[PDB]
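Observations on the three-dimensional arrangement
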Protein chains: 2
Amino acid sequence: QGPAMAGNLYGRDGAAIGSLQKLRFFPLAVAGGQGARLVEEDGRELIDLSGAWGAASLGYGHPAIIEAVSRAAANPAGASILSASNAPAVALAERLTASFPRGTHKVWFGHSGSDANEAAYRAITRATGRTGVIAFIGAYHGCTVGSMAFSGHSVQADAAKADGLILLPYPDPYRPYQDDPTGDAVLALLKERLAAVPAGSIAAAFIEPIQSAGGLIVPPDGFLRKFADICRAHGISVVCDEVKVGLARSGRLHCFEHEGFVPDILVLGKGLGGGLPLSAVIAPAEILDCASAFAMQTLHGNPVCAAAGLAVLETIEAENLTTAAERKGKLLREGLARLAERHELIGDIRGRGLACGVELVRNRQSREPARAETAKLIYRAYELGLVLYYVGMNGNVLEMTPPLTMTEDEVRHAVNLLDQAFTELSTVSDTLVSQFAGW
Amino acid sequence: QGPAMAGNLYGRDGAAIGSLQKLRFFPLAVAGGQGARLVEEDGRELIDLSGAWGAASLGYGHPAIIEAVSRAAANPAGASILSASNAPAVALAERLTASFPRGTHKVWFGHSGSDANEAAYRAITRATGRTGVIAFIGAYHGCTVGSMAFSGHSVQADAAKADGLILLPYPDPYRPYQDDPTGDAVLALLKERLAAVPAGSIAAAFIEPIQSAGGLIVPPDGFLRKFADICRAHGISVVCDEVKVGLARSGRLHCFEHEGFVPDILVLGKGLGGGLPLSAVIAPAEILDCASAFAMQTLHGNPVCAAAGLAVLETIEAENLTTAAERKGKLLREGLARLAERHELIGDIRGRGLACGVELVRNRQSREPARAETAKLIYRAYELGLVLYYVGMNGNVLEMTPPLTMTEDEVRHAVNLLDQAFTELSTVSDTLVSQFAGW
Ligand SMILES: */C(=N\[C@@H]1CCCCNC1=O)c1c(COP(=O)(O)O)cnc(C)c1O
Ligand SMILES: */C(=N\[C@@H]1CCCCNC1=O)c1c(COP(=O)(O)O)cnc(C)c1O
């Protein structure tokens, strides 16, 4: 790399910021954003089908986010919820509880999905005395020591795991455990694992209602309701992690609304803040009131980020974004089915609303994953003006989680750009794509 | 509590937000802020001597924070540093490295002091193979599982601790370990503890250059330089946690500038974001480049919070805030010495710049701590229109960490309000103050 490429924004990023937190697939180097488009240092525009991993729920520069953040910065109700009550945080907590099936639940605020899942686990173990926990292989609950302890994805494979962690296979309709498409075999497994440990010893069960980093996997019909029944028969708290697929994105406000059960605890994050760091736990009062000064960080519940979160909730109502996500997700999956009529690499199209996955395979009969082709496809897409990433334990699932405010015209254009990327993925050399580590 | 007090902002906070993250001393209930003043729901103004635990470095509604946050919200360079480079984060990383003694160091971004200390520990252990760590009793490095593992304060007393943690007494001039005012006894202790464990087994040593939650303790002259010499003789990385006392507050830009040594790693947070969630690690490249996709959260390096951090650094230069903090801290400690000529409860006045502590005792000869009187004093202060909190393992140290932009006139008025609070602390009943748990 010569001095011009070293001196550009991507080169500067390599010299100034450590690799420790990087997850890079192509040399995306951003200086601005407007609507559903990113703008690079050189001025090139790109359509963002990733929506910053679902964080950009209202896109970039939405008037309701500008209004809220500018107003709170000019007259901030202090900087915290720890040693003061503040008006924006309390208003946000009452709006979140009103959205969840009155009187029984309170809120905890954090910065991230990692800190929220960690606080939910510590609180249950403090309040019940129980130390064990159930979660899934492929599950992504965070990237801190406390949240990696009950995760199951490759990012957390070398982390220290909780005492009494029971890790189960997540039932995948495309690759079913024990060749049982229903998931009943995973339920029977859970019952056997509970019998090998002392009774009443499990505090909690963490579940994603659609596994995202694990592969954009929607579980079989009725599995999650049956799983939640088992847990309730053993006195185990059911924690629904909606950090990625929550808050209108599924075509219902809360993803569990598709699944015929109500969890004990709901965890929120990513698009809750609209581009600012904001997470929440909605839990029984007895769980969140078992201690004080116990799980706290100084800027938790700051009024700037709370104002952004109130703007996201208000805009979901005012712009009818739950219905929009349902309608636009149908249009996107219809487009992708037309591409599958010519591109044999597409093996499966799945998801809910504007949480969509397309699984790439070397052959439709064998279902053998196509990792190398997936990495080149998204590189070619980036060259053509479209940003998307891949997920899954085999690296072969394209993920689409656009801003909820993406237009229909933008959805159609993105499908057309993807068609070209499928046709021309082999134009990206082996040597170029190997400069990006991915996951 | 009747329905009017239940329906006010503090009552609403009790019904909607769990106690789990609360650290409350009096019923402070904020709806706005301007300069160094908070405004409650009812419209009452208070002068904020806590500066939101040091987070409000530029006070409330500072024009440079309004400009930066409003500009970035209207044209945001995406939402993250993980899967994209972005211009505000890279500019902030280059400004932070330029401030630290060229070529050798890079940056990691987080949301909090907790996540920054955790990432520094994981990175060293990954890059060196070493698992052991040195820290201090009373040390506060965070409130997450990964950061509590090498903390020493009462908040973290029941947390799981790292394998190979060596916890040492922090040398306090007012209460010296082994009756040695120099701290040489703590240095000799460290040498013995290193001899009982395998050679080259310690990864890191974490130190606060002024212990804040531990009691606003400035260590004896030359201790920290000698400690850093020992660590370097054993190949141990020296991590200086300046989350609380960093970035101009001590009267030097970096607190270690008072102490005659340069650390290997510098950790920053709190006032770095000016009221938004922002932390940083400045570390050798080989430490931060040992892995990718390793310590990452989705909103890390978001452009709104990075723009706020660039505004804090720029304002420290433009308003000459390092010199201001030195000058105003002298004025504050001179005022407090005048109060000690009439209020026998004051046993010691200490600190650097605008990081000040006043230790309250039942008798000046015995030095017996005065916990109950300290809790009533800050309650009375709150009634009179002044916000401050207490710290220390014995609950008897008043902490003052005001906005760097507090005026001299505001400092004098705050001293006058404190004089009245000392005179009238006994007017706060036992039953009233016991409704607030504190720490
Ligand atoms: C977020 N999951 C990952 C995060 C890192 C980037 C790769 N893409 C993903 O979608 C997440 C979290 C953790 O939230 P945090 O990153 O803000 O700490 C927790 N739970 C779920 C389900 C997800 O997706
Ligand atoms: C911050 N310390 C505590 C934080 C909780 C409120 C009580 N007052 C204090 O000053 C801190 C941290 C942790 O940063 P975080 O709260 O943003 O996670 C880490 N290191 C130091 C030295 C301090 O003070």
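Within each chain the first residue of the written sequence is number 1 and the count goes on from 1 in that order, possibly differing from the entry; residues lacking coordinates are omitted. Lettering of chains starts at A and numbering of ligands starts at 1, both following the order in which they are written. Remark: hydrogens and water are excluded; side-chain values derive from all non-hydrogen atoms of the structure. Residues with missing side-chain atoms are left out of burial classes, side-chain pairs and their counts.

Method information in the entry identifies X-ray crystallography as the source of the structure, with 1.50 Å recorded as the resolution.

**Regarding the environment of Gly438 of chain B**
Residue and element names in this part refer to chain B. Every helix listed is a DSSP run of H or I at least four residues long, and every strand listed is a run of E at least two residues long, numbered separately from the N terminus. Here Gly438 lies in the segment after α14 (430-433). Judged by its relative accessible area of 8%, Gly438 falls in the buried class. Remark: the alpha-carbon pair of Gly438 and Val391, spanning 47 residues in sequence, is separated by 9.8 Å. Two residues form a contact once any of their heavy atoms are found within 4.5 Å. The contact partners of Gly438, leaving out residues within four places of it in the chain, are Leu23, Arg24, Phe25 and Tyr390. Summary of the burial criterion: residues with accessible area below 20% of their type's maximum are buried, those above 50% are exposed, and those between are partly exposed, where the area comes from a 1.4 Å probe applied to protein chains only.

**Some remarks on the site of ligand 2**
Neighbouring ligand 2 are 16 residues, the closest being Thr298 of chain A together with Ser114, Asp241, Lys244 and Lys270 of chain B. Chain contributions to the surroundings of ligand 2 come from chains A and B. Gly113 of chain B places a main-chain nitrogen or oxygen 3.3 Å from an oxygen atom of ligand 2. Note that a nitrogen atom of ligand 2 is positioned 2.8 Å from one of the side-chain N or O atoms of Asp241 of chain B. The near set for a molecule or strand comprises every residue that places at least one heavy atom within 4 Å of it. Definition of a polar contact: a pair of N or O atoms within 3.5 Å, with one able to donate and the other able to accept a hydrogen when the atoms are protein atoms, and with sequence-neighbouring residues admitted only if both atoms are side-chain atoms.

**Side note on helix α7 (residues 184-195) of chain A**
Residues and elements named next belong to chain A. How far a helix is expected to stretch is found by multiplying one less than its residue total by 1.5 Å. Taking 1.5 Å per residue, 12 residues should reach 16 Å; α7 reaches 17 Å between its end C-alpha atoms and fits that length. Buried residues of α7: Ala185, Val186, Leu187, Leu190 and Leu194, and no others. Against the buried residues of α7 lie β6 (132-136), β7 (165-168), β8 (202-207) and α8 (223-233).

**Looking at the site of ligand 1**
Lining the immediate environment of ligand 1, one finds 16 residues, of which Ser114, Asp241, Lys244 and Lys270 of chain A together with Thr298 of chain B sit closest. Close to ligand 1, residues of chains A and B are found. Between ligand 1 and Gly113 of chain A, the relevant distance is 3.3 Å, taken from an oxygen atom to a main-chain nitrogen or oxygen of the residue. Separating an oxygen atom of ligand 1 from a side-chain N or O atom of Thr298 of chain B is a distance of 2.8 Å. Reported accessibility uses the Shrake-Rupley method at a 1.4 Å probe radius. Residues are deemed covered only where the shown protein chains occlude them. Burial of ligand 1 by the protein amounts to 99% of the accessible area it has alone, namely 520 Å².

**A closer look at the interface of chain A and chain B**
Contacts between chain A and chain B engage 92 residues on the former and 92 residues on the latter. Across the interface of chain A and chain B, roughly 7800 Å² is buried in total on both sides, 60% from carbon and sulfur atoms. Buried area adds together the accessible area that both of two parts lose upon being put together, with accessible area traced by a 1.4 Å probe. Of all residues in chain A, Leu20, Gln21 and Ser83 of chain A give up the largest surface area on contact with chain B, accounting jointly for 12% of the area buried on that side. Salt bridge criterion: a side-chain nitrogen from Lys or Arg within 4 Å of a carboxyl oxygen from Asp or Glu. Taken together, the connections running from chain A to chain B amount to 2 salt bridges. Note that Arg12 of chain A is salt-bridged to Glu94 of chain B, the shortest N-O span being 3.0 Å. With 7 residues, helix α2 (residues 9-16) of chain A is the single largest residue contributor to the side of chain A that touches chain B.

**A short note on the relation of the copies chain A and chain B**
Superposition of the copies is done by least squares over their C-alpha atoms. Between the two copies, chain A and chain B, the superposition gives an RMSD of 0.0 Å; the rotation angle is 180° and the shift along the axis is 0.0 Å. A rotation of that kind, with that shift, is consistent with a two-fold axis. Closest to the rotation axis within chain A is the C-alpha of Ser70 of chain A, separated from it by 2.5 Å. Take the interface residues of chain A: 100% of them recur as interface residues in chain B, which is what a same-surface contact looks like.

**Details of the pairing of strand β8 (residues 202-207) of chain B**
Residues and elements named next belong to chain B. Here β8 lies mainly inside the structure; 6 of its 6 residues are buried. Of the pairings in the sheet, the one linking strand β6 (residues 132-136) to β8 comprises 3 bridges and is parallel in character. Within β8, the position partnered with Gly132 by the bridge is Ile202. When DSSP locates at least two bridges between a pair of strands, those strands are taken to pair. Note: β8 against strand β9 (residues 237-241), 4 bridges, orientation parallel. Pairing of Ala204 across the sheet is with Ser237, part of β9.

**Here we look at the sheet that holds strand β4 (residues 85-86) of chain A**
Read across the sheet, 5 strands follow the order β4(A)-β1(B)-β2(B)-β3(B)-β14(B) without closing on themselves; strand pairing throughout is mixed. Each edge of the open sheet is held by one strand with a lone partner, namely β4 of chain A together with β14 (386-387) of chain B. As judged from the 2 bridges shared by strand β3 (residues 45-48) of chain B and β14 of chain B, these two strands associate in the parallel manner. What sits directly across from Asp48 of chain B, in β14 of chain B, is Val387 of chain B.

**Here we look at the side chain of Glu399 of chain B**
Residue and element names in this part refer to chain B. The residue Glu399 is located in strand β16 (residues 397-400) in this model. Look at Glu399 and you get buried, because its relative accessible area is 3%. If we ignore the near neighbours within four places in the chain, the residues touching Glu399 are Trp53, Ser212, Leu216, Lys244, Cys356, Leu388, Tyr389, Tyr390 and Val391.

**Section: the pairing of strand β10 (residues 265-268) of chain B**
Residue and element names in this part refer to chain B. The alternating pattern of β10 places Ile265 and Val267 on one face and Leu266 and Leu268 on the opposite face, and all of these are buried. In terms of strand pairing, β10 meets strand β11 (residues 279-284) through 3 bridges, oriented antiparallel. Looking at the pairing, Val267 lines up with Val281 of β11.

**Considerations on the environment of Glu326 of chain A**
Residue and element names in this part refer to chain A. Tracing the sequence through the fold places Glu326 in helix α11 (residues 321-340). Judged by its relative accessible area of 28%, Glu326 falls in the partly exposed class. Separated by 74 residues in sequence, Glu326 and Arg252 place their C-alpha atoms 7.8 Å apart.

**Quick word on the domain arrangement of chain A**
All names here are of chain A. An automatic or database domain assignment is the source of the domain bounds shown. When the domains of chain A are assigned, the result is domain 1 (1-61 + 320-439) and domain 2 (62-319). One C-alpha centre belongs to domain 1, the other to domain 2, and the line joining them spans 26 Å. Contact residues are listed per partner, giving 38 residues for domain 1 and 44 residues for domain 2. For the side of domain 1 that touches domain 2, the elements supplying multiple residues, two or more each, are α11, β12 (346-352), β13 (355-360) and β16 (397-400). No other element matches β12, which puts 5 residues into the side of domain 1 that touches domain 2.

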